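J.: What follows is a single structure, and I will ask about it in a moment.
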Amino acid sequence: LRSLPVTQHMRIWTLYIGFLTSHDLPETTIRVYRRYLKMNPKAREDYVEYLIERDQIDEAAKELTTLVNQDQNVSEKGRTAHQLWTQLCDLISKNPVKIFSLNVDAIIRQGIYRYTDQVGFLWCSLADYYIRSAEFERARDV
Amino acid sequence: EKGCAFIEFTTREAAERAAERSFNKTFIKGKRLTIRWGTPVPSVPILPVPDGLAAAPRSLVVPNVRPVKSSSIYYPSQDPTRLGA
Amino acid sequence: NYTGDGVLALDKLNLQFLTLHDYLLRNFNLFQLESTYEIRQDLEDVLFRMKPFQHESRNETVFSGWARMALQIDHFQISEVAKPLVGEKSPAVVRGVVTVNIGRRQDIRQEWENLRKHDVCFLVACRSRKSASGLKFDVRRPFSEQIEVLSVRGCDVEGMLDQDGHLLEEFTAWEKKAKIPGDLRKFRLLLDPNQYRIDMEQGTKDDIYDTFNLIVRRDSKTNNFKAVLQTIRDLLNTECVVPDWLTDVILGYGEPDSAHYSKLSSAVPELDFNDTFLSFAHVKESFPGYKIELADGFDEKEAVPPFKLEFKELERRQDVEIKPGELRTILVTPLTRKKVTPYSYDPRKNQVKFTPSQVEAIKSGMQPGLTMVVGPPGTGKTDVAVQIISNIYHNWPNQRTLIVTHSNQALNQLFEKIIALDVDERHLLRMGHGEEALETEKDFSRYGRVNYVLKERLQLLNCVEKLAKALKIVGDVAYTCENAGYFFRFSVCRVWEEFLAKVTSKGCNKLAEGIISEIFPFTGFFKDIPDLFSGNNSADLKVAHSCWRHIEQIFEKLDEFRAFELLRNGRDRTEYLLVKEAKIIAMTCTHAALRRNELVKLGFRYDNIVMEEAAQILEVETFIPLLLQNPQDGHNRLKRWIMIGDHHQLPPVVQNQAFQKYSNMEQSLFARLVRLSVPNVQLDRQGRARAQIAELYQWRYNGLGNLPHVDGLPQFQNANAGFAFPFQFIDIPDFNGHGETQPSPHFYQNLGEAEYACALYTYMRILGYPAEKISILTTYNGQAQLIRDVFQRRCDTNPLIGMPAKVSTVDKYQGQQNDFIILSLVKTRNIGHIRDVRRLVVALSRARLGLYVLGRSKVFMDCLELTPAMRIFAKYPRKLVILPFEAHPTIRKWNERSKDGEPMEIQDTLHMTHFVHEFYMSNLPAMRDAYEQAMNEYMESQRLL
Amino acid sequence: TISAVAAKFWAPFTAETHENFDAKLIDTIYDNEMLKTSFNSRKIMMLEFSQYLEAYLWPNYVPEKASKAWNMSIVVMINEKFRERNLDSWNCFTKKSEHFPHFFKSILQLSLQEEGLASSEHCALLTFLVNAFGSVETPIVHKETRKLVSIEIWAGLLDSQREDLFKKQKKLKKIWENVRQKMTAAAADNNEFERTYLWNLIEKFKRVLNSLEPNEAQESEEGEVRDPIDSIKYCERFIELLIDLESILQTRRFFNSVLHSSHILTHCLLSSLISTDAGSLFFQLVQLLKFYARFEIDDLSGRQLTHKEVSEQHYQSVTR
């Protein structure tokens, strides 16, 4: 990458990522992928799909928030923000013990303020998040 | 000194009407105007500055000076009002 | 209006804090209150100076005045309100655009055109309360009676908008000499998203953001307030990973020495002191009470610096210890530093014979942990500081050191010193809004250092071309550093190894004598060192390795410069330099608060903090430099924190009475840790001023003495010309029936002292003192304005006399010095804030050769706290005794009465100003003739150039 | 005036000729210059500036002659040295340290002494304790205030409240049994004052705070109705004392259980004074105390509790 012109790096990255993602090297692959996404930000959807498969749920969540904060009309996999954000709650609310970096509850209530079609679902999503966490008294409060 | 004067009007509408209604029109004493836009501190001696100028001698004359035997604003920082600007 | 009587519902910065969140939260609250008060004082000042009045036939307000800090705005609009991020409540960004006419002043214009990213401006909407035929404003009246400020909203500033609407980056100022047309400019602003939400969610129709008519910009020493507050909020939200060794002493628990190297396990017993010691005799002197001995195989005829010192008492073994009947033992090994070049290179090295207390600070600064060194005025604190920097830089070159300082002025002095040491010029980086005005002849800014690397890369590649020519190598091995790197590994290294083989495989049993002069390959590269090889294989093989490291250093330098060929944007080149190339980074504590979020984003990493002037930095602004990097694990990676300062000099300038005095925000972290009795070294040999002058303040410190040369140099042996005594307290009686005067609350003046100081300064000038060597000081900000006004009338108008070196308050002259000081102790009715011994110690310690304290003796001589100084002043006359026949410089010794005539005693301001008039007038031709001669030769000697 | 008396009796520039010491002048100056003027700030600042403490009050201090006026006027001058802030207040005691333990103890007794001190004299005493508890670095003072906030003050807790602390930190129980036997076998004549002081001062505060109840404004048997304002300053100085005790971990560790067990926040928050406009600063102090009174810390270990840990322990508490 240092040696070749930046415009030739696509011929390298598709090998570099392809090599790395063939192995159980999540810690290395993370650092390489976040470099790659500086030159090819379209690949972030595939990076998420990698992270989920490697159970890097806490990183898969962060990258999903970047895709949602990038308020695209449609993503490079054909998903709009109202689809990408729905993935973020499905990934968050079902994984409370692992999702340690994001403020989960602040996400889901902020959905309810915005996604008025499905408020009744999201309250169960927020409450079920605490039930999976065994915080039964927070579940009641929700 | 130069045959010039300046007038500032409180408003530009006055200035604009003044301009157009007077634009190089005659005035008797002016023949025809051209118009265009645009304390000593008590008992402190003051040292005479030498003329045309604007270290010491290594032998000095010592003068035979012998002691003698409301106040108001003198400087701008003394003025409570100018201290606001 | 706080007098000290009442309780207030404020936090207090006492010695100890319950937890780190307690500590941060008290700092947040009190700093928020203080910074809000400072904003009030600035805005009230500016709005008076803008002199708003209502237009006499309309509703609208127009500004009759002008101020450097504000311009009226021609238009403003909110151009973006981005939706909240996921899990966020406020808008993601709120962008204003403001239009201002910059006006036709080139000095003012440069300041508005240099509003950078994260500068803070206030958008202000205001009206006059008063409609009158002309209007005036008085600071005696309440501001709210004169001007109504119907709204203020702060914003961050993004850059100037260009010809058509693109943001100018910071690097445009170096190339945009194709200036934007006209006097209008546009700036893009970031509003606070929380206040925008609050303004909208409360409901609005008379909407605030249409109403603004001024934009007000603060000065760079106070822009940081939002970045300080932003920092503390983030550390409260996140885990504030203070180092585990450090959080205890910040909170003030545990033993105070728990951060000192005497207690830390990570202290190292063996230290390479490098050029700290000038000679082996200096090693013996630097550690009284220790047995110092050379290691085996060295002799005192031959032991020369550098030295490693091994302190056996820092080792954990019993076998060598403070054993009965023997002293503590230091083992000294002189080091043969294997030189890296065959040229006649002279290494820049320390030339300061550090005193024992300075070496104790240097030793402690090389050990990990917290090091405090109290530096009394004139004791060489800068040279201790630089020697810690240099020793760290040589002992652990992988580590990076961040230098923090209160002022850019001291940060300048430090870099002048470091450049006299062996620090490599590319490893130094300096950062600040001062970077447009750096006084050093080498530019250490981001822009300066990037251009240095780009310049040096070219001249190194010329050596690669020259080396390729010496090797008869063909094809362009010098297009790029990358080409040079492959050329080094394949060709230069191969040929070098093929030379070392021909030496070693043959050896002296069958090498011919002097054959190394023939088989060495790079002889054509060093074609301008004659007699490079002597004809002795034992020496020539040694100089061959010296030649090799010269070549090897070139390609080592290049390989670090390769990033400047890959990174071609000017910004990225500075980000690489800031994070990888620089090893010593220098930054004011103000600027460290602004740049934190950038530095954390860039992955900036540093291992050592050195602070100077640490007693003047706020508690808050001292702490923030600890956290300019992310923790790499569950714990921080900072290894050293060196604080250099002096708590007996002035505190940080907190200016609200309550927040200063009640909540104790005037306590710097240095002063707090000293009150906690953290171990601190005190530098105890002053060198900058007369022993007689030094005695006026060295009573405050424990054992602060004088360097040997303070008794010896002629400037300290000889008297001040034309003064019978090298210092006096001159008792000034009332002038025109007034003592002090006070044209505003807490704004004191004394015209009798101001007129005496002018005549006294003029007296020195008639004696031939240089104006550059005299500065006029006073303890109160009021008299400082009056002394300027007196001198701007009576001195500045006369080219024979001219303006002093500086007219200042004492507090602003903190850390500066001059030979002669005239000090006006304004008060005549009751003792001022000068009763604070920290005011006194600073005020008295500014002179080197003479201090003449104008004041009222009866106000000050009776005070307990001033008595140790006043007992020295009291041993000399209260009336100024002058020797008008002694022109400057005199040969008279300081302690002997002059025989050339009899002194005269100046009774008061009237006798002084009447004498100096006749003394000026009577000598005026002989003084004029000297100036006429001097001004001719000054212009004539340069007229041929 | 002060300056004429000072020049005749103690001012250092008259040290060749000022009079031999007269103790009764101290009673005179205190009654006439300080107390009768309601502690006029100009007078006191002139006295403190004139080295009254360092030349006259302290060098001549002998505890068997120290009247109330003598102990009080030393307190007044130190409070003056403290409100100047820039000064080493405790310097003359740190020199002549011998009689400071007796002096400080007598100042404590004056604080609990109900009759015979004006309200403005009590504000001065309580201000001195805020000052004395603040200067934790001066060891002559710290060795005194440390005796008022040590584990023996838990003798006033309920047995159930004390037992809860020993469950929180087992090793305290061993320490307490040593304290319990020690505090009845020896030195009880000293230690019973030390350990009960803040409990009695809390009660003395409750009585002052109750004197501002509006029902107290019916006419006394003498006829006067006392001016609230000096009593209000005493209450405000007291919450500052409690905040300062709670803001420092070594005092907080033992005092926090005392502040809770004494219900002093209840007595404060239910008072009339909180509701009045005059008590508007008292109200702000109690909210600042109420913050520290239940801060996110484990006092027995000093460990900072996290926002999650504090919240989770709340849910667990209400559930139980």
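Cβ sites come from the backbone with ideal geometry, for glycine too, and all protein chains shown count toward neighbours. Every number in this text was worked out from the coordinates using simple rules, so none of it is lab data.
J.: Angle, helix A:57-69 long axis vs. longest principal axis of chain A, Cα atoms, 0 to 90°, nearest 10?
T.: Helix A:57-69 sits roughly 90 degrees off the main axis of chain A.
J.: Taking Rh as the Kirkwood radius computed over C-alpha pairs, what is the Stokes-Einstein D of the protein assembly as shown at 10 °C in a medium of viscosity 1.306 mPa s, expressed in µm² per second?
T.: Diffusion coefficient, whole number: 41 µm²/s.
J.: How many angstrom lie between the Cα centre of region D:23-74 and the Cα centre of region C:79-112?
T.: Cα centroid to Cα centroid, the span is 62 Å.
J.: Going Cα to Cα from C:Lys469, which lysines come in below 16 Å? Please leave out same-chain ones fewer than 8 positions away.
T.: C:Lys527
J.: Write down, largest first, the equivalent ellipsoid semi-axes of region C:777-929 in whole Å, where each equals the square root of 5 times an eigenvalue of the alpha-carbon gyration tensor.
T.: Over the Cα atoms of region C:777-929, the semi-axes work out to 27, 21, 15 Å.
J.: How big is region C:790-871 on each of its three principal axes, counting only the C-alpha atoms and giving the largest first in Å?
T.: Cα spread of region C:790-871 along its principal axes, largest to smallest: 44, 27, 20 Å.
J.: What whole number of Å gives the distance from the Cα centroid of region C:479-511 to the Cα centroid of region C:649-712?
T.: Computed from Cα coordinates, the inter-centre distance equals 59 Å.
J.: In nm², what is the average projected area of the convex hull enclosing the Cα atoms of region C:126-238?
T.: Computed as one quarter of the Cα hull surface, the answer is 12.6 nm².
J.: Here's a follow-up. Distances over 22 Å make up what percent of all Cα-Cα pairs in region D:180-320?
T.: Distances greater than 22 Å cover 52 percent of the Cα pairs.
J.: OK, next. Rg and Dmax of region C:176-275, Cα atoms, in Å?
T.: Here Rg and the maximum Cα pair distance are 25.1, 73 Å.
J.: When a footprinting reagent is the concern and you count Cβ atoms within 10 Å, what order do C:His75, C:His394 take, fewest first?
T.: C:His75, C:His394
J.: Further question: With each pseudo-label sitting 7 Å past Cα toward Cβ, what's the A:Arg140-C:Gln655 distance in nm, one decimal?
T.: Calculated label separation equals 5.7 nm.
J.: Moving on to the next point. For C:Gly96, what residues show an amide H to amide H distance below 5 Å, using hydrogens built from the backbone and excluding near sequence neighbours?
T.: Distant-sequence amide H within range of C:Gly96: C:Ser79, C:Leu189, C:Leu190, C:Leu191.
J.: OK, next. Using the Karplus equation 6.51 cos²θ - 1.76 cosθ + 1.60 (θ = phi - 60°), what ³J(HN,Hα) coupling, rounded to whole Hz, does each residue of region C:252-265 give in order, writing x for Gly and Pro?
T.: x, 9, x, 5, x, 8, 4, 9, 8, 5, 4, 9, 5, 5
J.: If you line up the long axis of helix D:307-319 against the longest principal axis of chain D, both from Cα atoms, how many degrees apart are they, to the nearest 10?
T.: Compared with the principal axis, the helix lies near 60 degrees.
J.: Same structure again: By count of other Cβ within 10 Å, fewest leading, how are C:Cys863, C:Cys795 ordered?
T.: Listing C:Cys863, C:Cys795 from fewest to most nearby Cβ atoms yields C:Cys863, C:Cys795.
J.: State the Cα centre-to-centre distance between region A:46-69 and region D:224-252 in whole Å.
T.: Between the Cα centres of region A:46-69 and region D:224-252 lies a distance of 56 Å.
J.: I've got another one for you. Cut-off is 10 Å between beta-carbons; in what order do A:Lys98, D:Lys308, D:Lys81 appear when sorted fewest neighbours first?
T.: D:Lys308, A:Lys98, D:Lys81
J.: Follow-up. Taking a ≥ b ≥ c as the square roots of the Cα gyration tensor eigenvalues, with a/c under 1.5 meaning rounded and otherwise prolate when a/b beats b/c, else oblate, which class fits region C:645-786?
T.: Oblate.
J.: Turning to a different aspect of this structure: For chain A, what is the convex hull volume of the alpha-carbon atoms per residue, in Å³?
T.: Spelled out: Cα convex hull of chain A, divided by residues, is 114 Å³.
J.: Is the shape of region C:629-687 best called rounded, prolate or oblate, per the rule: a/c under 1.5 gives rounded, else a/b larger than b/c gives prolate, else oblate, with a ≥ b ≥ c the square roots of the Cα gyration tensor eigenvalues?
T.: oblate
J.: Can you tell me the Rg and Dmax of region C:43-101, counting just the alpha carbons, in angstroms?
T.: Cα radius of gyration and Dmax of region C:43-101 are 17.0, 52 Å respectively.
J.: For region C:117-189, what ratio Rg/Rh do Cα atoms give with a Kirkwood hydrodynamic radius?
T.: 1.17
J.: Further question on the same structure: Over chain C, what is the relative contact order in whole percent, taking alpha-carbon pairs under 8 Å and six or more residues apart?
T.: 11
J.: Using Cα-Cα distances under 8 Å and only pairs 6 or more residues apart, what relative contact order does region A:1-139 have, in percent?
T.: 15
J.: Another one. Using only the alpha carbons, work out the radius of gyration and Dmax of chain C in angstrom.
T.: Rg, Dmax (Cα atoms, Å): 32.3, 110.
J.: Here's a follow-up. Taking a temperature of 4 °C and a viscosity of 1.567 mPa s, what whole-number D in µm²/s does Stokes-Einstein yield for region C:839-923 with Rh from Kirkwood over alpha carbon pairs?
T.: Translational D for this selection: 85 µm²/s.
J.: Let me ask something else about it. Choose one of B:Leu33, C:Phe354, D:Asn60: the residue whose Cα lies farthest towards the positive end of the charge dipole of the protein assembly as shown (beta-carbon charges +1 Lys, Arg; -1 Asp, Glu; about the Cα centre).
T.: Working it through, the farthest residue towards the positive pole turns out to be B:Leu33.
J.: So how many Å³ per residue does the convex hull of the Cα atoms of region D:107-206 work out to?
T.: 129
J.: Okay, moving on. For region D:253-299, state what percent of all Cα-Cα pairs lands in each successive 5 Å bin, counting from 0 Å until the bin that includes the largest distance.
T.: 5, 21, 28, 22, 14, 7, 3, 0
J.: Using only Cα atoms, find the angle between the long axis of helix D:159-168 and the longest principal axis of chain D, and express it within 0 to 90 degrees, rounded to the nearest 10.
T.: Between helix and principal axis, roughly 70 degrees.
J.: Once you order the gyration tensor axes a ≥ b ≥ c over the Cα atoms, which shape class does region C:323-369 get: rounded for a/c under 1.5, otherwise prolate or oblate by comparing a/b with b/c?
T.: prolate
J.: Something else about it: Compute for region D:1-124: radius of gyration divided by Kirkwood radius, i.e. Rg/Rh, restricted to C-alpha atoms, rounded to two decimals.
T.: We get a ratio of 0.93 for region D:1-124.
J.: Computed over the Cα atoms, what is the radius of gyration of region B:1-72 divided by 2.2 N^0.38 Å, N being its residue count?
T.: Against the compact-globule rule of thumb, the ratio is 2.48.
J.: Please report the projected area of region D:42-187's Cα convex hull averaged over all directions, in nm².
T.: Mean orientational projected area (region D:42-187, Cα hull): 11.3 nm².
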